[PDB]
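Enquirer: pasting the structure only:
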Ligand code: CLA
Ligand code: CLA
Ligand code: CLA
Ligand code: CLA
Ligand SMILES: CC1=C(/C=C/C(C)=C/C=CC(/C)=C/C=C/C=C(C)/C=C/C=C(C)/C=C/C2=C(C)CCCC2(C)C)C(C)(C)CCC1
Ligand SMILES: CCCCCCCCCCCCO[C@H]1O[C@H](CO)[C@@H](O[C@H]2O[C@H](CO)[C@@H](O)[C@H](O)[C@H]2O)[C@H](O)[C@H]1O
Ligand SMILES: OC[C@H]1O[C@](CO)(O[C@H]2O[C@H](CO)[C@@H](O)[C@H](O)[C@H]2O)[C@@H](O)[C@@H]1O
Ligand code: SF4
Ligand code: SF4
């Protein structure tokens, strides 16, 4: 296929954040 | 007729602020804003959803297709959608988990009309979660979609000059 | 008394809060369930935040022959 | 409002007092007497007049509506009077209750002043570890 | 505590001494002998904010109060709005 290891910066530095900024708006409510 | 309405600070009592001047309550403006969610809730939030989704939709194009990160695109997937069919999505649940600051759980259906409304204490809330859904659901199909007759429209353009 | 003009039509007046346009174009239930799944909203959003956001980023990052950083 | 227009404390406009959080929660309002038509100072920055009615201005929050005194008793009058309005009724009868003028004697009401032990040598720090069985909930 | 700052003293006389402080302090509650016989440290304190205007004047001879309340409503800070 050739040259493709780019997912562990969005799933982390991008999407993991989405989760918790969403999710953890559990501090406001759930 | 008078000096400027029957001359008044607010609707009435002057101990609430608002200081109703123009730019506040001139029949010149306050009518340019009430088929929509200004004074009165027309139909439910359902439909207003997409005129809101869509209008705000085909915006955010030349903003991120003419000011894009490496700009003036020669990629057939820009001058339109590209990514920004991301903003509407990063914010079409920037909303849903604000309608979790709305719950209040019902199902009346009163977008049909009865006796000349008021929705009365219509201020404060009095729009439950099963409302704020059908709006921010109108939002996605208004955002994503409103991004393509931007894109889809070729581009006949007026220029500098 | 000529300029006593009896307020050349009173109006009634105060129009209203009453009634200076009908309402919203008949375009509606031309979306009835059309686009549902936020009109089946009955438990969702967790679905559209793995799905939509694994396909604004799965293929969105990867690429078959760079055009690099 | 107007169809019922019951006013007393003249003003005209102002971006000062009362806004959203005095419906959705509590209310607070001051009332008074006066001799003959006199121009006052105001909380919220502005300034107007008097004469009578109830002489019943409504006020945002109660630190705001006693300052009619911290000047509005350097301008004659025994009587000035602020209560507590809700969005529905009572409990907290604010300048109501018994006697008035903070510095007389009918009853004693609350206060106390002591804790357990008095001001004396609390070089004694915090004692027991907080544990559900020894009189430290006061 | 939830409004617990001690201004007490020993005279608790309040003439050319201290009055200042939005609502909070409806005292004069004469304890059975303390000179100008009016005493203690407060009345019902669940009403107003967090001054130390509380001393500034008329003795506390020790400390003087300030903020210490933590548990802190809003009505207990201007801004709940
Ligand atoms: C930890 C994180 C991090 C990561 C991984 C990124 C990553 C990125 N940033 Mg970024 N950024 C960050 C932190 C980060 N940023 C921070 C902290 C800031 C503030 C300083 C910025 C400010 C910033 C700006 C101003 C920009 C970026 C841009 C970008 C993108 C550049 C290349 C690109 O076009 O994207 C690759 C992928 C996408 C953009 C999404 C792809 C979606 C496509 C594939 C969908 C189209 C097809 C169709 C419609 C969908 C089909 C759905 C179907 C299933 C129904 C890249 C995704 C730029 C950009 O994206 O402009 C183009 C530019 O806007 N960033
Ligand atoms: C010019 C720059 C500058 C810089 C370099 C910094 C740097 C810093 N500031 Mg800071 N700050 C600044 C200006 C700056 N500040 C200014 C001008 C102000 C106000 C005048 C502040 C007020 C401020 C406060 C109050 C604090 C800091 C803190 C910090 C530190 C926390 C770092 C961190 O990683 O948190 C990372 C930040 C986040 C994770 C929050 C951002 C959330 C965003 C991305 C969400 C976007 C919402 C989006 C639309 C919703 C999409 C939905 C999705 C989530 C599902 C860091 C030292 C904090 C500190 O002391 O910590 C030790 C904190 O106390 N700052
Ligand atoms: C982005 C905004 C910012 C914000 C949050 C505010 C907010 C406010 N302004 Mg304000 N203002 C702003 C920018 C802003 N202003 C600017 C840049 C100016 C020019 C100096 C003013 C001049 C101004 C005045 C004179 C007044 C206010 C007032 C107010 C307050 C109430 C008025 C109101 O909401 O009527 C509702 C507003 C509308 C219904 C706006 C409709 C206009 C739209 C349709 C324009 C569409 C543009 C059109 C397509 C072509 C124009 C192109 C381009 C040149 C813009 C409110 C706090 C009033 C006040 O002090 O409080 C009572 C007061 O009257 N403003
Ligand atoms: C505060 C701002 C400042 C401004 C003005 C800009 C502007 C820009 N940055 Mg940038 N940047 C900034 C700070 C700024 N940056 C900082 C502090 C950092 C480090 C933290 C960066 C890191 C960065 C990177 C890596 C990149 C940029 C890029 C860009 C460009 C693309 C923006 C884009 O497409 O978004 C989309 C824009 C919109 C959707 C705009 C819509 C709304 C706007 C018009 C505001 C609304 C006003 C509206 C008209 C109201 C008027 C009244 C109305 C009723 C008519 C643009 C030139 C990208 C670039 O490549 O530069 C050429 C690149 O990706 N920036
Ligand atoms: C109206 C409207 C709209 C919407 C809006 C909205 C709705 C918004 C929202 C927004 C949101 C909704 C946001 C959010 C954010 C978030 C955040 C900001 C979060 C976070 C975070 C963090 C960072 C955390 C931290 C922490 C915690 C808290 C816990 C503990 C500690 C720690 C550190 C962990 C728009 C504009 C679209 C347009 C249309 C109209
Ligand atoms: C995709 C199929 C759409 C066709 C409609 C059938 C199912 C609609 C999904 C809701 C599930 C309950 O089924 C329902 O459908 C009808 C709408 O057509 C309902 O009719 C109504 O139901 C709601 C109940 O508060 C009301 O807000 C609306 O007036 C209307 O939608 C009947 O109450 C019932 O039969
Ligand atoms: O690696 C990124 C590379 O792959 C893309 C992403 O859409 O798509 C390829 O997949 C189609 C499917 O048939 C192939 O025909 C062709 O290689 C591309 O369309 C392409 O954008 C990127 O270049
Ligand atoms: S010390 Fe202060 S308030 Fe305390 S008793 Fe005297 S003046 Fe009264
Ligand atoms: S010192 Fe405390 S109690 Fe006394 S007035 Fe100030 S805030 Fe109120």
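Expert: Cool, the structure landed. Residues are numbered from 1 along each chain as shown, chains lettered A, B, ... in the order given. Ligands and ions are numbered 1, 2, ... in the order given.
Enquirer: residues from chain B in reach of ligand 3?
Expert: Residues of chain B lying close to ligand 3 by CB under 6 Å from any ligand atom are B:18, B:19, B:21, B:23, B:24, B:29, B:33. In short, each C-beta sits where N, CA and C put it, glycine included.
Enquirer: how near is the closest residue to the last one other than its chain neighbours to ligand 9?
Expert: To tie it back to what came earlier, the one meant is residue B:33. Using CB to CB, 6 or more residues apart in numbering or on different chains and skipping residues adjacent in sequence, the residue nearest residue B:33 is residue B:39, 8.0 Å away. Taking CB to the nearest ligand atom, to the nearest Å as the measure, residue B:39 falls 42 Å from ligand 9.
Enquirer: And residue D:136, by the same measure?
Expert: In terms of CB to the nearest ligand atom, residue D:136 sits 22 Å off from ligand 9.
Enquirer: on that earlier part again, please name the residues that touch the residue nearest to residue B:33.
Expert: Residue B:39 sits next to B:30, B:33, C:17 when contact means CB atoms under 8 Å, 6 or more residues apart in numbering or on different chains.
Enquirer: Tell me the residues of chain B that contact ligand 4?
Expert: Looking at ligand 4, the residues of chain B close enough under CB under 6 Å from any ligand atom are B:60, B:63, B:64, B:67, B:68, B:69.
Enquirer: Neighbours of the third one, how many?
Expert: Residue neighbour count, defined by other CB atoms under 10 Å in any protein chain shown, stands at 17 for residue B:64.
Enquirer: Just list the residues touching it, thanks.
Expert: Contacts of residue B:64 by CB under 8 Å, 6+ apart are B:82, B:83, B:84, B:87.
Enquirer: Tell me the spacing between it and residue B:87.
Expert: With distances taken as CB to CB, to the nearest Å, residue B:64 is found 8 Å from residue B:87.
Enquirer: Then the fourth one?
Expert: For residue B:67, the distance to residue B:87 under the criterion CB to CB works out to 13 Å.
Enquirer: Comparing these two, which residue is more hemmed in?
Expert: Legend: neighbour count by other CB under 10 Å for residue B:67 and residue B:87, higher for residue B:87 (19 against 10).
Enquirer: who are the neighbours in contact with the more buried one?
Expert: By CB under 8 Å, 6+ apart, the contact list for residue B:87 reads B:60, B:64, B:143.
Enquirer: Contacts for the helix ranked longest in chain B next, please.
Expert: Ranked by residue count, the top helix of chain B under DSSP state H comes out as helix B:129-143. Here helix B:129-143 makes contact (CB under 8 Å, 6+ apart) with B:44-57, B:85, B:87-89, B:91-93, B:95-96, B:98-100, B:102-107, C:31, C:35, C:38-39, C:41.
Enquirer: what's the answer for stretch D:32-47, then?
Expert: D:11-14, D:16-17, D:48-52, D:55, D:59-60, D:64-65, D:67-68, D:71-72, D:75-77, D:79-81.
Enquirer: correct me, but residue B:58 touches residue B:145?
Expert: No. Counting by CB atoms under 8 Å, residue B:58 stays clear of residue B:145, with 9.3 Å between them.
Enquirer: just to revisit the earlier point, now, which of the contacts of helix B:129-143 lie within strands?
Expert: In this view, the contacts of helix B:129-143 have no member that belongs to strands under DSSP state E.
Enquirer: Angles on the backbone of the residue nearest the centre of chain D, please.
Expert: In chain D, the centroid-proximal residue (CA atoms, centre = their mean) is residue D:62; its distance is 3.7 Å. The phi/psi pair for residue D:62 (degrees, to the nearest 10) reads phi -70, psi -10.
Enquirer: mind checking how far it is from ligand 3?
Expert: 26 Å.
Enquirer: Enumerate every residue touching that residue.
Expert: D:28, D:82, D:84, D:94, E:22, E:23, E:47, E:48.
Enquirer: Need the buried ones from these selected in ChimeraX.
Expert: Of these, the buried ones go into a single ChimeraX selection, burial set by 16 or more other CB atoms under 10 Å in any protein chain shown:
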select /D:28,82,84,94 /E:22,23,47,48
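Enquirer: would JSON lines of the contacts of residue D:62 with secondary structure and distance to ligand 6 be doable?
Expert: As requested, the contacts of residue D:62 are exported to JSON lines (DSSP: H, G, I helix; E, B strand; the rest coil; distance: CB to the nearest ligand atom, whole Å):
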{"residue": "D:28", "secondary structure": "coil", "distance to ligand 6": "41"}
{"residue": "D:82", "secondary structure": "strand", "distance to ligand 6": "47"}
{"residue": "D:84", "secondary structure": "coil", "distance to ligand 6": "41"}
{"residue": "D:94", "secondary structure": "coil", "distance to ligand 6": "45"}
{"residue": "E:22", "secondary structure": "coil", "distance to ligand 6": "51"}
{"residue": "E:23", "secondary structure": "coil", "distance to ligand 6": "50"}
{"residue": "E:47", "secondary structure": "coil", "distance to ligand 6": "47"}
{"residue": "E:48", "secondary structure": "coil", "distance to ligand 6": "48"}
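Enquirer: Relative to ligand 3, which of the contacts of residue D:62 is nearest.
Expert: residue D:28 (23.7 Å; CB to the nearest ligand atom).
Enquirer: Helices along chain B, start to end?
Expert: Secondary structure of chain B (DSSP H): helices at B:45-55, B:87-91, B:129-143, B:148-151.
Enquirer: Which stretch among these is buried most, on average?
Expert: helix B:129-143 (a mean of 23; mean count of other CB atoms under 10 Å in any protein chain shown).
Enquirer: Work out the gap between that helix and the centre of the chain.
Expert: The chain centre lies 11 Å from the centre of helix B:129-143; the measure is CA atoms, centre = their mean, to the nearest Å.
Enquirer: Brilliant, that's me finished.
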